[PDB]
Amino acid sequence: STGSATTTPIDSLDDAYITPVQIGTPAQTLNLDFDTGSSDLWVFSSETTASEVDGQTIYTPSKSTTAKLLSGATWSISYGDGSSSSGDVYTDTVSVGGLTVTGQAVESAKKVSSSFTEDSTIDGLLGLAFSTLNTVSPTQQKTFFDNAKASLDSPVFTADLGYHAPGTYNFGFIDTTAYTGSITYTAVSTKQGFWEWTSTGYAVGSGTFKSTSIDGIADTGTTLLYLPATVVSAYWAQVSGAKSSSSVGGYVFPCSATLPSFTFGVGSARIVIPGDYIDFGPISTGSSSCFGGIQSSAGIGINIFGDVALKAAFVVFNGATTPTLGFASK
Ligand SMILES: NCCN1CCOCC1
């Protein structure tokens, strides 16, 4: 079997992407943030504290003839951005772009932090990192991809995010019309539960490529590209007026600038992120300064190839016994 679903930016800056997911019988459609950096499928629900719901569509398991409460199981997650959520666990029929998994763990939120409440467009998350990061306790649950994996024509899923436009998540197949050139694969370490790999270097604009190993994770649930301070400073030094701002939380630059591209290595292959993708957006509508799409990973503890980097590529998350990650230009 296969699945294909369109993912759409939640706003004019691509702060996050939402993909419609059908849960239960009859179908209840929620717009979830597909996150290759986490492993819990959680939703706003009929159990969520009313004061913490502000416009989200909720999952109501009592209206699903296929929902089954997983008694004694709870979940609680904290993300890198300081946000969090927790609740109870059901299993139900979950479909993504025509691909159906029966008995998928659907984590019903009882509590969500203010960051989730303020994003009316995100009804929950669908985790796509390794199932070893799932927070369901005591019984750890599998991701939607892990559960689907056996029934798919091939154990893979692909991310094809758009820049200020819709994109596609496909499960079980490779669309050969979605990229230019070929898909270059690279080794993945599953030791931390992430799609962790090592980039072979970088180039700033038309500069000479610098061969240097950069370990990082392919994370669709992170908005920006977070790389070591050395790389990031070499990039922003090419932009007049660029500087790190403590009040804004990272590199800003005058919105007047047209930015250089940024190339990252995948083995002997090269993925080029256009300058416009790195011009993330103005710090406010009408502001003098714009926020950088490439930021330092120094405070985080891990480099993150987030949406700014991933939207410049067709990305294959190969979930075979020994996982690998593929990148193609587009
Ligand atoms: N609510 C703050 C976090 N979110 C994350 C996703 O995009 C919009 C901002």
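As the structure lists them, so they are numbered: ligands from 1, and atoms in each ligand from 1. One is the number of the first residue; the rest follow in order along the sequence. Below, each value reflects all heavy atoms present in this structure, side chains not excepted, and no hydrogens, waters or symmetry copies.
Residues satisfying the ring pair (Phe, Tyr, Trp, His ring centres under 6.0 Å) test with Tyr202, not counting sequence neighbours, are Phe262.
Protein heavy atom in closest approach to atom 2 (C) of ligand 1: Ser115 OG, 3.1 Å. Closest protein heavy atom to atom 5 (C) of ligand 1: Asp119 OD2, 3.3 Å.
Residue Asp11 places no N or O, backbone or side chain, under 3.5 Å from any N or O of ligand 1.
Side chain to side chain, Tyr79 and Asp35 fail the donor-acceptor criterion of an N or O pair below 3.5 Å. Side-chain atoms of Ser115 and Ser83 form no donor-acceptor pair, as typed in the model, at a separation below 3.5 Å. For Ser76 and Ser86, the side-chain atoms include no donor-acceptor pair closer than 3.5 Å. No side-chain N or O of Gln141 forms a donor-acceptor pair with one of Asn134 less than 3.5 Å apart.
Here is the list of ligand 1 atoms found below 4.0 Å of a heavy atom in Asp15: 7 (O), 8 (C). Each of the atoms 1 (N), 2 (C) of ligand 1 lies under 4.0 Å from some heavy atom of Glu118. Every atom of ligand 1 with a heavy atom of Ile10 under 4.0 Å away is listed here by number and element: 7 (O), 8 (C).
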